[PDB]
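For reference, the structure discussed in these notes is given below.
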Amino acid sequence: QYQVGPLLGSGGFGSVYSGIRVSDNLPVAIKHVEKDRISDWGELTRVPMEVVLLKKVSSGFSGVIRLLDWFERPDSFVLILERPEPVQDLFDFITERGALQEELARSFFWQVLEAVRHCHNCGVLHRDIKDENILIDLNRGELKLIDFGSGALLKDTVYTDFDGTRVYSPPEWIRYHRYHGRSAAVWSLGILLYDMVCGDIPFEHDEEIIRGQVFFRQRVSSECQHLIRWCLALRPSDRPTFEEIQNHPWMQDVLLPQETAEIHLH
Ligand SMILES: O=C1N/C(=N/c2ccccc2Cl)S/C1=C\c1ccc(O)c([N+](=O)[O-])c1
């Protein structure tokens, strides 16, 4: 069914390879996850939650990665995922190009917000929003959310489990090992937006996160700084909602994805 290509990445959430669907030469990604590292299971048969979550967000909307198929092996699960070509993740993009212009960051952040709003609307919490988990369709200027391997079903009660990225985690998790989905998601969005406009994350140590003092190492507008400091409110209830973020003055007059490519990506 699939012609396997080179390894696109390896880590805690498995190994991911480049692939070709022999049927129509469709570009795909082949993700392998060891069953022994899957703590969360669900159904709709017994599959990892990642498969469950991915099928809930599966749609015609292109802000979230698409699950094409999956397979069960004796000791692993194999995910066949959408693969844009060419593509580059936000981490490598910022790593090679540095801090993004606010016009480009606005377009990107907007697309991320629309994707996470989609997940939440579908009952899914991603729980690992970051530059590494965002793909860029370089031709269409469209962003895609990837890696749902640390995500859970969205709920209104407290989460006592977390296995996402620590430097993107909120101060309520660091201290109390407790967080609520939406507020915690907004925090990671604040970390992400800072990362976009400054070229790196604001906090590296637990002590910095608890304190939540944001220092700008780059020239950033007052409105962007405001939105960032707002998302990074210590008290979760002082954090904006997704509506309040997208009605923020800095989020005004966003570029269409195709405009974003012709100006910034070509
Ligand atoms: O849903 C997903 N979870 C992922 N996790 C990983 C992320 C980094 C390294 C290894 C793994 Cl398994 S990758 C992934 C989807 C992708 C789909 C297409 C694609 O080109 C890529 N990519 O380039 O890494 C990734």
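Just so we're on the same page: first chain in the structure tokens is A, next is B, and so on; residues restart at 1 for each chain, and ligands are numbered from 1 in the order they show up.
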Notebook entry, point to check: Within 6 Å of stretch 148-162 of chain A, counting only C-alpha atoms, which residues qualify if same-chain residues fewer than 4 places away don't, as a ChimeraX atom specification?
Noted result: /A:50,123-127,177-180
Write out as an mmCIF file with C-alpha atoms, in the first residue's frame the residues lying within 9 Å of residue A:132, counting only C-alpha atoms and excluding same-chain residues fewer than 3 positions away.
```
data_model
loop_
_atom_site.group_PDB
_atom_site.id
_atom_site.type_symbol
_atom_site.label_atom_id
_atom_site.label_comp_id
_atom_site.auth_asym_id
_atom_site.auth_seq_id
_atom_site.Cartn_x
_atom_site.Cartn_y
_atom_site.Cartn_z
ATOM 1 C CA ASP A 89 7.786 23.004 10.709
ATOM 2 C CA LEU A 90 7.600 26.269 12.635
ATOM 3 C CA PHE A 91 10.602 25.262 14.777
ATOM 4 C CA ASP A 92 12.930 24.825 11.770
ATOM 5 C CA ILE A 129 0.841 23.237 21.130
ATOM 6 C CA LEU A 135 3.576 22.301 9.850
ATOM 7 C CA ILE A 146 0.349 17.745 14.335
#
```
Next item on the list: Pick out the residues no farther than 9 Å from ligand 1, counting only C-alpha atoms and all ligand atoms, and list them as a ChimeraX atom specification.
Entry: /A:7-18,27-33,50,54,65-67,79-89,132-135,144-149
Please dump the current selection as a CSV table (one decimal), in the first residue's frame; keep N, CA and C atoms.
```csv
chain,number,residue,atom,x,y,z
A,7,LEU,N,13.3,8.8,7.2
A,7,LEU,CA,12.8,9.2,8.6
A,7,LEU,C,12.7,10.7,8.7
A,8,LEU,N,11.4,11.2,8.9
A,8,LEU,CA,11.2,12.6,9.1
A,8,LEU,C,11.4,13.1,10.6
A,9,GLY,N,11.5,12.1,11.5
A,9,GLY,CA,11.7,12.5,12.9
A,9,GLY,C,11.5,11.3,13.8
A,10,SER,N,12.2,11.3,15.0
A,10,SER,CA,12.0,10.3,16.0
A,10,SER,C,12.0,11.0,17.4
A,11,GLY,N,11.4,10.4,18.4
A,11,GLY,CA,11.3,11.0,19.7
A,11,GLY,C,10.6,10.2,20.7
A,12,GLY,N,9.9,10.9,21.6
A,12,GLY,CA,9.1,10.2,22.6
A,12,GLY,C,7.7,9.7,22.1
A,13,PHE,N,7.2,10.3,21.1
A,13,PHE,CA,5.9,9.9,20.5
A,13,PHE,C,6.0,9.0,19.3
A,14,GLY,N,7.1,8.3,19.2
A,14,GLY,CA,7.4,7.4,18.1
A,14,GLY,C,8.3,7.9,17.1
A,15,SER,N,8.4,7.2,16.0
A,15,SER,CA,9.2,7.6,14.8
A,15,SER,C,8.3,7.8,13.6
A,16,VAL,N,8.6,8.9,12.9
A,16,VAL,CA,7.8,9.2,11.7
A,16,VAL,C,8.6,9.2,10.4
A,17,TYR,N,8.1,8.5,9.4
A,17,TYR,CA,8.8,8.4,8.1
A,17,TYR,C,8.0,9.1,7.0
A,18,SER,N,8.7,9.5,5.9
A,18,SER,CA,8.1,10.0,4.7
A,18,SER,C,7.5,8.8,3.9
A,27,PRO,N,1.4,11.9,-1.3
A,27,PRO,CA,2.4,12.1,-0.2
A,27,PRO,C,1.7,11.8,1.1
A,28,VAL,N,2.3,10.9,1.9
A,28,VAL,CA,1.8,10.6,3.2
A,28,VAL,C,3.0,10.6,4.2
A,29,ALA,N,2.6,10.6,5.5
A,29,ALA,CA,3.6,10.4,6.6
A,29,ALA,C,3.3,9.1,7.3
A,30,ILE,N,4.3,8.3,7.6
A,30,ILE,CA,4.0,7.0,8.3
A,30,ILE,C,4.6,7.1,9.8
A,31,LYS,N,3.7,7.1,10.7
A,31,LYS,CA,4.0,7.3,12.2
A,31,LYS,C,3.9,5.9,12.9
A,32,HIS,N,5.0,5.5,13.5
A,32,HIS,CA,5.0,4.3,14.3
A,32,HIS,C,5.0,4.6,15.8
A,33,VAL,N,4.1,4.0,16.6
A,33,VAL,CA,4.0,4.2,18.0
A,33,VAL,C,4.1,2.8,18.7
A,50,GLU,N,-4.9,8.8,20.6
A,50,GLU,CA,-4.4,9.6,19.4
A,50,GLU,C,-5.2,9.3,18.2
A,54,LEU,N,-7.8,12.1,16.6
A,54,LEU,CA,-7.6,12.4,15.2
A,54,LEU,C,-8.9,12.2,14.3
A,65,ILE,N,-3.9,18.2,11.0
A,65,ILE,CA,-3.4,17.1,10.2
A,65,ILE,C,-4.5,16.0,10.0
A,66,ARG,N,-4.5,15.4,8.8
A,66,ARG,CA,-5.6,14.4,8.5
A,66,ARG,C,-5.1,13.0,8.7
A,67,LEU,N,-5.9,12.2,9.4
A,67,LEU,CA,-5.6,10.7,9.5
A,67,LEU,C,-6.2,10.0,8.3
A,79,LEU,N,0.3,4.9,12.1
A,79,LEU,CA,-0.6,6.0,11.6
A,79,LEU,C,-0.1,6.5,10.2
A,80,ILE,N,-1.1,6.4,9.2
A,80,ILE,CA,-0.9,7.0,7.9
A,80,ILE,C,-1.5,8.4,8.0
A,81,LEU,N,-0.6,9.5,7.9
A,81,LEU,CA,-1.1,10.8,8.0
A,81,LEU,C,-0.9,11.7,6.8
A,82,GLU,N,-1.7,12.7,6.6
A,82,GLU,CA,-1.5,13.7,5.6
A,82,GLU,C,0.0,14.2,5.6
A,83,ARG,N,0.5,14.5,4.4
A,83,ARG,CA,1.8,15.1,4.2
A,83,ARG,C,1.9,16.1,3.1
A,84,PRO,N,1.9,17.4,3.5
A,84,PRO,CA,2.1,18.5,2.5
A,84,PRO,C,3.5,18.5,2.0
A,85,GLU,N,3.7,18.9,0.7
A,85,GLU,CA,5.0,18.9,0.0
A,85,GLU,C,5.0,20.1,-1.0
A,86,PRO,N,6.0,21.0,-0.8
A,86,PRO,CA,6.9,21.1,0.3
A,86,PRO,C,6.3,21.5,1.6
A,87,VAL,N,7.0,21.2,2.7
A,87,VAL,CA,6.5,21.5,4.1
A,87,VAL,C,7.8,21.8,5.0
A,88,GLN,N,7.6,22.6,6.0
A,88,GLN,CA,8.6,22.9,7.0
A,88,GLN,C,7.9,23.2,8.3
A,89,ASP,N,8.4,22.7,9.4
A,89,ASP,CA,7.8,23.0,10.7
A,89,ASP,C,8.2,24.4,11.2
A,132,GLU,N,7.2,23.0,17.1
A,132,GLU,CA,7.5,21.7,16.5
A,132,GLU,C,6.3,20.9,16.1
A,133,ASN,N,5.1,21.3,16.7
A,133,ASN,CA,3.9,20.6,16.3
A,133,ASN,C,3.0,21.4,15.4
A,134,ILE,N,3.7,22.3,14.6
A,134,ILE,CA,3.0,23.1,13.6
A,134,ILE,C,3.7,22.9,12.2
A,135,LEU,N,3.0,22.4,11.2
A,135,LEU,CA,3.6,22.3,9.8
A,135,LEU,C,3.2,23.5,9.0
A,144,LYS,N,-0.6,23.6,9.8
A,144,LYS,CA,-1.3,22.4,10.2
A,144,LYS,C,-0.8,21.9,11.6
A,145,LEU,N,-1.8,21.6,12.5
A,145,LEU,CA,-1.4,21.1,13.8
A,145,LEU,C,-1.2,19.6,13.8
A,146,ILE,N,0.0,19.2,14.3
A,146,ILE,CA,0.3,17.7,14.3
A,146,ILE,C,0.6,17.2,15.7
A,147,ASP,N,0.9,15.9,15.8
A,147,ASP,CA,1.1,15.2,17.1
A,147,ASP,C,0.1,15.3,18.1
A,148,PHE,N,-0.9,14.4,18.1
A,148,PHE,CA,-2.0,14.4,19.1
A,148,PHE,C,-1.7,13.3,20.1
A,149,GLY,N,-0.5,12.9,20.3
A,149,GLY,CA,-0.1,11.8,21.1
A,149,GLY,C,0.0,12.1,22.6
```
Next item on the list: Per DSSP on the backbone, filter stretch 34-116 of chain A down to the residues in helix (DSSP H, G or I) and report them as a PyMOL selection string.
Entry: chain A and resi 35-37+49-57+90-97+102-116
Next item on the list: Do a neighbour search on residue A:100 at 12 Å with only C-alpha atoms, toss out local chain neighbours closer than 5 positions, and write the hits as a VMD selection string.
Entry: chain A and resid 90 to 91 93 to 95 105 to 109 192 to 200 218 to 220 264 to 265
Next item on the list: Can you work out the spacing between atom CA of residue A:49 and atom CA of residue A:182 in Å, to one decimal?
Entry: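 About the pair atom CA of residue A:49 and atom CA of residue A:182: they are 19.0 Å apart.
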Check: Separation of atom CA of residue A:163 and atom CA of residue A:203, in Å?
Finding: 18.1 Å
Notebook entry, point to check: If we count only C-alpha atoms, what is near residue A:266 at a cut-off of 10 Å, once residues fewer than 5 positions away on the same chain are taken out, given as a PyMOL selection string?
Noted result: chain A and resi 138-139+141+260-261
Next item on the list: Using DSSP on the backbone coordinates, identify all residues within stretch 74-246 of chain A classified as strand (DSSP E or B); present the result as a list in words.
Entry: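 Here are the strand (DSSP E or B) residues of stretch 74-246 of chain A: residues 76, 77, 78, 79, 80, 81, 82, 87, 88, 89, 124, 125, 134, 135, 136, 137, 142, 143, 144, 145, 152, 153, 159 and 179 of chain A.
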Note to self: Restricting the calculation to only C-alpha atoms: of A:171, A:234, A:97, A:227, which residue gets closest to residue A:207?
What the structure shows: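 For residue A:207, the nearest of the given residues is A:171.
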Sort by chain and increasing residue number a table of all residues of stretch 99-174 of chain A within 12 Å of stretch 235-243 of chain A, each with its closest pair of atoms and their distance in Å to one decimal, counting only C-alpha atoms, and write it as a tab-separated table.
```
residue	atom	partner	partner_atom	distance
A:109	CA	A:242	CA	11.5
A:110	CA	A:242	CA	10.3
A:112	CA	A:242	CA	10.9
A:113	CA	A:242	CA	7.2
A:114	CA	A:242	CA	8.9
A:115	CA	A:242	CA	11.1
A:116	CA	A:242	CA	9.0
A:117	CA	A:242	CA	7.3
A:118	CA	A:242	CA	11.0
A:120	CA	A:242	CA	10.4
A:121	CA	A:242	CA	11.6
A:170	CA	A:236	CA	8.7
A:171	CA	A:235	CA	8.7
A:172	CA	A:236	CA	8.0
A:173	CA	A:236	CA	11.0
```
